[PDB]
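As they're listed, the protein sequences go chains Z, N, J, I, H and K.
With the authors' numbering, the residue at position 206 of the first sequence is 206, and numbering never jumps.
Each number in the authors' numbering corresponds to the 1-based position in the second sequence with 817 added.
Each number in the authors' numbering corresponds to the 1-based position in the third sequence with 116 added.
Each number in the authors' numbering corresponds to the 1-based position in the fourth sequence with 55 added.
Each number in the authors' numbering corresponds to the 1-based position in the fifth sequence with 37 added.
Each number in the authors' numbering corresponds to the 1-based position in the sixth sequence with 239 added.
The beta-carbon is built from N, C-alpha and C at its ideal position, and this holds for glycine as well.
Reviewing the structure listed below.
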Amino acid sequence: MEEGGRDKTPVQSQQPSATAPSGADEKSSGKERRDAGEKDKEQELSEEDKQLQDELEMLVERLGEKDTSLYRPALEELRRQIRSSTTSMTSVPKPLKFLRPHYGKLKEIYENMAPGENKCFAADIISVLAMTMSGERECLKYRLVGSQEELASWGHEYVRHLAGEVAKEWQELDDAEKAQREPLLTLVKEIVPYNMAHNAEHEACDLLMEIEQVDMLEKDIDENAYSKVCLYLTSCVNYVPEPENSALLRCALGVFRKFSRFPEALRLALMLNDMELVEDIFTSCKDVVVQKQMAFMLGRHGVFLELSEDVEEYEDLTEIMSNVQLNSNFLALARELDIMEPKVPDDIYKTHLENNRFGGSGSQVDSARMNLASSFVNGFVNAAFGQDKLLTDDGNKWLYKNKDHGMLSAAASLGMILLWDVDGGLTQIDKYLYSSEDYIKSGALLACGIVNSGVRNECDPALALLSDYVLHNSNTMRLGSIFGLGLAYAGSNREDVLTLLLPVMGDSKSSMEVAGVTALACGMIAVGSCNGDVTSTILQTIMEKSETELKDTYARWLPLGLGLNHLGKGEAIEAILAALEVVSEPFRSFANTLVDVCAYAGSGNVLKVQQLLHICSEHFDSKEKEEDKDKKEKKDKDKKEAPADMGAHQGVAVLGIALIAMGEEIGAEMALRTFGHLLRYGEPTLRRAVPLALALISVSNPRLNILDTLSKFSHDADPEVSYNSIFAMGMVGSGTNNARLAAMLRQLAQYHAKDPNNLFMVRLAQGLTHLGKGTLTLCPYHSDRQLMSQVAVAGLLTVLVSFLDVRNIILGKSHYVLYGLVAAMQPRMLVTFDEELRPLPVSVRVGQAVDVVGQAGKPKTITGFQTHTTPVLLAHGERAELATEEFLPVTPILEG
Amino acid sequence: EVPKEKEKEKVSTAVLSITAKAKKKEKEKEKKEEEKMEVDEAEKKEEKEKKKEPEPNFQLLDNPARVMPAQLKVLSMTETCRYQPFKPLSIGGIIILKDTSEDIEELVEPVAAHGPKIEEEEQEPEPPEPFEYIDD
Amino acid sequence: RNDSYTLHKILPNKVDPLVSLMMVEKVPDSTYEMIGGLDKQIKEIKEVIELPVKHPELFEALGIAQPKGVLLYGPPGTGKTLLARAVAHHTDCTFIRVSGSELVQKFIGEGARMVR
Amino acid sequence: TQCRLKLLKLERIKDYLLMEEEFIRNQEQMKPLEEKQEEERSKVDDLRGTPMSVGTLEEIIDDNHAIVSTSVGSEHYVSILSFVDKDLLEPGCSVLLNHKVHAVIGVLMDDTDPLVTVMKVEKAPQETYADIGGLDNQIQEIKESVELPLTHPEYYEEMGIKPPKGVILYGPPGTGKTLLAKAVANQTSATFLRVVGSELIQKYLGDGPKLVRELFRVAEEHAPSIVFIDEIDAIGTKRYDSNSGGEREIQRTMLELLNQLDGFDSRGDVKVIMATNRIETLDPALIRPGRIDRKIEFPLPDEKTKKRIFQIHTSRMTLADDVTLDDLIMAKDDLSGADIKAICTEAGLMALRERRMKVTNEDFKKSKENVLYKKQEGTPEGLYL
Amino acid sequence: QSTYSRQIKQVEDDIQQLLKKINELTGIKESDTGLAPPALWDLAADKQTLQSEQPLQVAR
Amino acid sequence: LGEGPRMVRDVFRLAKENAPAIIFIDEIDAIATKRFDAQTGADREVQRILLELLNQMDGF
């Protein structure tokens, strides 16, 4: 029975085993539990070991007869006996043996009581026991995987079972020095991310990098191992803080370099903010395979998207410098020239765009404040390339009609038409730096940075004309040249450009919005790959910062720039620190809360705790109001995290706006503006219901500027969501107007939203990144924070240059195919085995060259699993030229 | 106390107190191995207080303080170390020869001028000092 | 307080229409004893009702959807109603008796909206 | 399992911070609100006059009047004065009147219909998309027909002319016609109103044409929308009397549908989704296009389809990796969705008797021979036929 | 997908509960719907209360 | 509306007070009907009258 003396005296019976499996449990319920607890002597403990042989057979048998009523309260009690009635850090043999039938039984609670809350409770008890038992552990993982017995239940049990050692919660040192990593990695891919994050160290990942490389040949093929690496990194973004997280990314690179599977190494590099990595990468690429192959194509495609060499897009320097040696290599005149740059998508777009015809315009109304706006919207809509370029050559329409900063931010838009092309223009940014008058001239500098997008060409010369004007002590010319300086290159610095910027003659407390351009270029320049460790650079930010307290908008601009300095490599944060300490600022104290939050971003760990807090808002002192309002809004967070975390944030945000807006009016003005740009960057869940719903609520909230900021989210697939979003705001805008000012805002909101009728998916995102760090965000972000009641805001606002593609043109193993590929799309997942964004090939099908759509339909698999084709370069409708390893070529169209 | 100044003051302390408590439930940084610098927070903020009850011989009995142990000299022309209707009882108190104005007859019961002892000196007494003629 | 129609306190009395219904029709409650000795017969009514109301988890494990239609069929006088009462009392579910009538639908008083 | 868990733990905790932060805002933190809004409320409540007697605002006249129907029982022709504007009032809403002398003080509150409350059920399918696979081609069609003209205007605008106005889901039950309506409705988030066909024929006469017109008209007001009419076979099948069966009852309900969908009164881009298990009862005029547009037919499951249909039922239960699917295809085939549901239920039923609280292959096999026979038995075998 | 659906089910349940409290609590927070242009109308409105011709009753 | 069931209670309360007595129902042929439409005020009372008859009768 469960009584004494059948396990407390050495004259005993194995009788309760008979009762348990269908009768009532007495042999994992509490007989074992009673005995262990009873006395303290190890003799009793010895009698429980004897019973285990019977228990293994009993356990499978009880699985087949499956009586869940019997499992639930009875097994809870087992937790007592294993760890807390042996201690199991001062007695090794006893908990080692008991786990053999017993570990599976504990697992039944783990599985049946499937929620997160229960998996964590059982995990702590488990980590100390698994670790103590080690080597024994290895037998138990295997026993489950093969199958314990064919039942519906074992299928769920095995993924739960491999998990328990991997938890690493409150785990003692005595046997804790053992790599568990290799058996766990092969069989299942769920347990592995948990292990890195919780270690929060180089070693988890070092052991992972080593194993992944051998898998290349040995386990499967290259494509499959690349795919496991992507799941691990995305989910390990929290429970590890940001300096710690940036290091994990460096170990991942080691794997890619070995592989012919390059794109992931580049996206990670953007986070680090290093030139160095790319330079080492082209050589390693060359070394591993003699052949051009996927390695050379993937590396090319991945860098073009955006890296580090100033603030946005992608440099010409490394491509020009390396293509002496790649020009020597000569594997194509046509192919390698085209592929390194963004050219193949550009060429296809420019030809289709022409046929379809996209005027890429605003209103047709002249001589009014009302079409200050429509000058800017021309640029915004054609921030993915257009063809207004024809009307623009005379310039009658926008430029002369506009005045002030309005003329400046107008003339940014000529160049904007020709961005992401192979000709920078030939009569409209050629001759507009040879058109009389300083407003067109400076503002055409602004255009000059834009036109060098990702491209290796530099068509119309960004760096040239700008090198000239920073020398000139003319303020207008200076501001324009520097904005382009940052925009053209990438995310950090270059040695020629950095030297050049060093003189300041600039603005330092001025009213005009355009004065803010200085702060962003300069902050990035200062941080290097591992710091330049040039002391002068930090100083120039401080000079403008120390001066300003006379203008609240300007006063805000410099702390954000200080914030950009911190962004980057873990070791780079320590290097820069020496420079910062020498001078001190009261200004830096208010600055710290936003500055912290930007630095923190890239991991949730530190990030969430600081954000959505009022620690430095009590709003009874002016310092407190400066950055604190924006920090609350949780702008940074959603992109950095995993796609599952994104789904919860959509709810939190909608409550969020209300909370801040009543809490502070000045805060409401700053915060709500940032809220619209947060949805576009973060990509939180759903887009079918959400902009329509949001337009209704924003009517209650103050400011016409809010509506303009919202329209940014409303882009996504640009003829799908956006037609509705525009019509709804249209009604309320037609409804009431009475000042030119409101009408101007409403006008920005309707047109900005656009890019429509056969024009592709455009949203702030590079496709490949979903680990990516903000540096493409900075130009709209600044504009959300500052006053949009000025027309001046419009220069920074013009650029939110980013692409996703509607192309599904995949490059075969040696086919290099230019034809498109059908795909299946689905909104949700049945598993986190997939989190590298591929769902099943059934679902609802979408075509080739047919609108690519974001959340609630973002996930994308190329439907062709039955044809056994795998993307090497991941599918989402990326900006990158897709690539596949084809074991069956391109699938045709399919009806459904 | 005056009500108005408190109301501004209360709001300030309080809004902080509740926000700190928000930060405490929120833990991610149980796992970490940071020395690379940028955070170096606990990422929890909390507050507490403790205070001591005592204050010596508050009231003799349940009724007001009245006579109490430990003796004082109080000079005349003090009413910010005043005489009280609770102090007739106190007066006497084994008075010293250092008081040159000390009892010679009974008590005055509630206030009045009381007997000053036959003076041989004027060291303890202080010269005349009306505020009468400087009022206007 | 009808001096402004303003809310005085929230009332600690709140009448449940399910209890009323059970009462007006009349069921004299009973237990397992009454039929007692046809063990299989009482054991079966407990299986269907008791386990999926109290713990829904048990059926979640079994697989099959928690009871939708349970048909108790066959002539009366075998004490079929009485077992139903027994389990319904214990589970603390209100046993609301319909005798074939939309008499006890008073929420519109015709069937087919007696579902919703 | 472990991969999911770190993010799950963090989401619940982010939400906790969000709750706690609200409390500090209502109690202590103020900047625009202050003591000042408190006084604005007192001052407005006393002028306004408590109790406020409810009215409904049908329409506003711009001269400082409105036409109100007071909810007490007798209507009043009030002035729009005191704390509201003509535009601030909205039609089909509940408004506050000063109790002493009725002028319309204002709209804080909205009025919901009594009808809509009963009809309405929340949108979301209990079987997730891409796991209502099995006739997977068919599932896609509804997303194209009802969901798409509302979700994506681009194709329609270029295509030109009238958009779709319904779908009819027909064929044997178990092919998931209800799960499909709920999916599209979920996605769009268009108010999902749901009525069973049997409500159309109840004891009272003319309730059928009445309910259906009100249901639609309410869908147009709360538009965009999805109306689901579940299982319209009842019209003929049911009768509470002679008047409730028969031609008058059947015609009036059919006739109403014809005018409502494309006819004079029309409807917007509001879609009607009809579930029917028999189009024998249904006419050639409600199976006519351009008030149904694409019709979706589900046929009997095919041998290969049947394995995918079986998986869905298995997913709601416990997930099998030990059921032999071939035995099910071999034993019965060209039998409904409803037959696959019948194999599943019977397995669960035998396990229940033991107090086995799982289903396994064994439970499916034992029950499977009786169920096939039972299918034939469901329709009369008589004495020996 | 049986084990995977429970996890998701619990996580929504908790987040959803917390929401009920936040929504109720915030409200419109003792604000007035009319805003600034109806203030002049309040004074009229009072005159009407004194008056016997207001309110009118609709009839036919 | 709501006067009809109430009348049933009255008859029952007087009968019990006024013992010995017999209440005899000749035709329960319209006190009880098989149809209750009850979307009409009059029809709704006929159903209520039946409900009350039955509940008072259990006590009696």
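Rounded C-beta distance between I/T230 and I/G392? I'm assuming under 8 Å.
The residue labelled residue 230 of chain I in the question sits at position 175 within the fourth sequence. The residue labelled residue 392 of chain I in the question sits at position 337 within the fourth sequence. Right, the Cβ-Cβ distance comes to about 5 Å (below 8 Å), so this counts as a contact.
Output the residue ranges of the alpha helix (DSSP H) runs that lie fully inside the stretch 43-125 of chain Z and measure 4 residues or longer, sorted by chain position.
68-76, 78-84 and 93-112, all fully within the stretch 43-125 of chain Z.
Within 10 angstroms of the Cβ of J/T122, are there 16 or more other Cβ atoms? Answer buried if so, exposed if not.
For the purposes of this step, residue 122 of chain J is identified with residue 6 of the third sequence, where counting begins at 1. With fewer than 16 Cβ atoms within 10 Å of its Cβ, J/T122 is classed as exposed.
Cross-strand partners of I/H120 (DSSP beta bridge):
For the purposes of this step, residue 120 of chain I is taken as the residue at position 65 of the fourth sequence. DSSP lists I/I116 as partners of I/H120.
Could you tell me which of N/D916, N/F948, N/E926 and N/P944 sits nearest to N/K934, measuring between CA atoms?
Start at 1 with the first residue of the second sequence, and residue 934 of chain N comes out as number 117. Looking at the Cα atoms, N/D916 is the closest of the given residues.
Could you check the C-alpha separation between Z/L487 and Z/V852 for me, to the nearest Å?
Counted from its first residue, the first sequence places residue 487 of chain Z at position 487. Counted from its first residue, the first sequence places residue 852 of chain Z at position 852. So the two alpha carbons sit approximately 27 Å from each other.
Helix, strand or coil: how does DSSP classify Z/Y434 here?
As a first step, residue 434 of chain Z is located in the first sequence; it is residue number 434 there, counting from the start. Coil at Z/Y434, not helix or strand.
Are Z/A883 and Z/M294 touching if we call contact CB-CB under 8 Å?
Residue mapping note: residue 883 of chain Z aligns to position 883 of the first sequence, counting from 1. Residue mapping note: residue 294 of chain Z aligns to position 294 of the first sequence, counting from 1. The answer is yes: Cβ separation under 8 Å.
I need the straight-line Cα distance from H/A76 to I/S137, nearest angstrom please.
On the fifth sequence, position 39 is the one that residue 76 of chain H refers to. On the fourth sequence, position 82 is the one that residue 137 of chain I refers to. Roughly 7 Å between the two C-alpha positions.
Determine the extent of the alpha helix (DSSP H) in which I/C58 is found, giving its start and end residues.
In the fourth sequence, residue 58 of chain I corresponds to position 3, counting from 1. Counting along the chain, the alpha helix (DSSP H) containing I/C58 begins and ends at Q57 to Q82.
Looking only at C-alpha atoms, which of Z/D124, Z/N757, Z/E264 and Z/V377 sits nearest to Z/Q747?
Mapped onto the first sequence, residue 747 of chain Z falls at position 747. The candidate whose alpha carbon is nearest that of Z/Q747 is Z/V377.
Should Z/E111 be flagged as near chain H, meaning a C-beta pair shorter than 8 Å?
Walking along the first sequence from the start, residue 111 of chain Z turns up at place 111. Closer than 8 Å: yes.
Check whether the stretch 752-770 of chain Z and the stretch 787-807 of chain Z are in contact - that is, three or more C-beta pairs closer than 8 Å.
Three or more beta-carbon pairs separated by less than 8 Å link the stretch 752-770 of chain Z to the stretch 787-807 of chain Z, which places the two stretches in contact.
Of the residues Z/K189, Z/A176 and Z/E835, which one's Cα is nearest the Cα of Z/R160?
Here residue 160 of chain Z refers to the residue found at position 160 when the first sequence is read from its first residue. Of the candidates Z/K189, Z/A176 and Z/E835, the one whose C-alpha sits nearest the C-alpha of Z/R160 is Z/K189.
Might you give, ordered along the chain, the residues of its own chain that have their beta carbon closer than 8 Å to the beta carbon of Z/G730, omitting 5 neighbours on each side?
Reading the first sequence from its first residue, position 730 is the one you call residue 730 of chain Z. The answer, listed in chain order, is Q750.
With H/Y41 as the anchor, note down where its alpha helix (DSSP H) starts and where it stops.
Indexing the fifth sequence from 1 puts residue 41 of chain H at position 4. H/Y41 -> alpha helix (DSSP H) spans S39 to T63.
Beta carbon of J/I151 nearer than 8 Å to that of J/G195
Along the third sequence, one-based indexing puts residue 151 of chain J at 35. Along the third sequence, one-based indexing puts residue 195 of chain J at 79. Result yes, Cβ atoms of J/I151 and J/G195 sit closer than 8 Å.
Could you please give me the residues that DSSP links to I/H131 through a beta bridge?
Within the fourth sequence, residue 131 of chain I is the residue found at index 76, counting from 1. DSSP lists I/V123 and H/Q94 as partners of I/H131.
So what does DSSP say about Z/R845, is it helix, strand or coil?
Residue mapping note: residue 845 of chain Z aligns to position 845 of the first sequence, counting from 1. The answer is strand: DSSP assigns Z/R845 an E or B state.
Mind pulling the chain H residues with CB within less than 8 Å of I/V162?
Indexing the fourth sequence from 1 puts residue 162 of chain I at position 107. The answer, in chain order, is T70.
Quick check on I/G161: buried or exposed, where buried means 16 or more other Cβ atoms within 10 Å of its Cβ?
As a first step, residue 161 of chain I is located in the fourth sequence; it is residue number 106 there, counting from the start. So I/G161 ends up on the buried side.
Considering I/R249, what are the terminal residues of the beta strand (DSSP E) in which it resides?
As a position in the fourth sequence, residue 249 of chain I is number 194, starting the count at 1. Element bounds for I/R249: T246 to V251.
Since I/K258 meets chain K, which of its residues come closer than 8 Å, beta carbon to beta carbon?
Here residue 258 of chain I is taken as the residue at index 203 of the fourth sequence, counted from 1. Correct list: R274, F275 and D276.
Spatial distance of residue 45 of chain I from I/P204 (CA atoms):
Summary: the structure shown does not reach residue 45 of chain I, with chain I confined to residues 56 through 440, and so no result is reported for it.
Does any C-beta atom of chain I lie closer than 8 Å to the C-beta of H/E61?
On the fifth sequence, position 24 is the one that residue 61 of chain H refers to. It does not: the Cβ of H/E61 has no partner Cβ on chain I nearer than 8 Å.
Less than 8 Å between the beta carbons of N/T895 and Z/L613, yes or no?
In the second sequence, residue 895 of chain N corresponds to position 78, counting from 1. In the first sequence, residue 613 of chain Z corresponds to position 613, counting from 1. No, they are not a contact pair.
Whose C-alpha, out of I/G433, I/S280, I/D418 and I/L440, is nearest the C-alpha of I/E202?
Locating residue 202 of chain I in the fourth sequence gives position 147, where the first residue counts as 1. Closest option to I/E202, Cα to Cα, is I/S280.
At what residues does the beta strand (DSSP E) containing Z/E886 begin and finish?
Along the first sequence, read from residue 1 onward, the residue named residue 886 of chain Z stands at position 886. Here the beta strand (DSSP E) through Z/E886 covers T884 to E886.
Beta-ladder partner(s) of Z/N705, from DSSP
Residue mapping note: residue 705 of chain Z aligns to position 705 of the first sequence, counting from 1. DSSP output for Z/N705 lists no bridge partner at all.
What separation, rounded to the nearest whole angstrom, lies between the Cα atoms of I/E90 and H/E67?
Locating residue 90 of chain I in the fourth sequence gives position 35, where the first residue counts as 1. Locating residue 67 of chain H in the fifth sequence gives position 30, where the first residue counts as 1. Computed Cα separation, rounded: 11 Å.
Tell me, to the nearest whole angstrom, how far the beta carbon of Z/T541 is from that of Z/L498; I am working on the premise that it is less than 8 Å.
Your numbering for residue 541 of chain Z matches position 541 in the first sequence. Your numbering for residue 498 of chain Z matches position 498 in the first sequence. With a Cβ gap of about 13 Å, Z/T541 and Z/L498 do not count as contacting.
Where the stretch 82-100 of chain I meets chain N: residues whose CB sits under 8 Å from a CB there:
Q82, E83, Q84 and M85
Looking at chain Z, is there any beta carbon in it that lies within less than 8 Å of the beta carbon of J/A177?
The residue given as residue 177 of chain J occupies position 61 in the third sequence. Taking Cβ atoms only, chain Z reaches closer than 8 Å to J/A177, which makes this a yes.
Does the beta carbon of I/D348 come closer than 8 Å to any beta carbon on chain Z?
Here residue 348 of chain I corresponds to residue number 293 of the fourth sequence, with the count starting at 1. Chain Z, which has no Cβ nearer than 8 Å to the Cβ of I/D348, makes this no.
Given that a residue counts as buried once 16 or more other Cβ atoms are within 10 Å of its Cβ, and exposed if not, what is Z/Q866?
Here residue 866 of chain Z refers to the residue found at position 866 when the first sequence is read from its first residue. Exposed is the call here.
Any beta carbon from chain K within less than 8 Å of I/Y132's own beta carbon?
Position 77 of the fourth sequence holds residue 132 of chain I. No, no contact with chain K.
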